[PDB]
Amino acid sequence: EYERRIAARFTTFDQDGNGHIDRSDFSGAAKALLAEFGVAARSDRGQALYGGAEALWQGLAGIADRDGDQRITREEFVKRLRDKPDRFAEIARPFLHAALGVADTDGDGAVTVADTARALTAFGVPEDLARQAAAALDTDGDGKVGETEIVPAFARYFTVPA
């Protein structure tokens, strides 16, 4: 179970599935989300999402790329994330904020549960599970998913329970 839980988290970052985490895993994730919502890469929201993704890669690399080759292997990839999950969530905050912007289709600063599910599928979550996860992210049940729900959820998700 534990090792399976760890692989799940690794697989989330290893978007292209090739067994190491690269900047391009993150670039690819940004590209997928923008495509899902028809947001132009060159738009303000597009540039903000790529900048946020690049910042999260650098944070994660800072933590886990022990030999400095700018790929994080399965091997290199948990304890550091478990002991300080809040710090890692803040590293991800610009990315998560930008992702919400992209998934906000009417511009009112809120994202629907259905569009949260769309975002998750852009990041490789199969459609059925994404609906279930999106629903779970809406912890106050108002049908709107926000930064105050997503950022702590992210912190928790990357705290692999022992």
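Residue indices: 1-based, along the sequence shown.
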Higher avg CA temperature factor (68-76 vs 82-90, as deposited) belongs to 82-90
Avg C-alpha B-factor, entry values, 28-36 vs 104-112, higher side is 104-112
Temperature factor at the Cα of residue 120, chain-ranked in thirds, falls in the lowest
So, residue 20's CA B-factor, relative to its chain, sits in which third? The lowest
Of the three thirds of Cα B-factor ranks in this chain, residue 63 occupies the highest
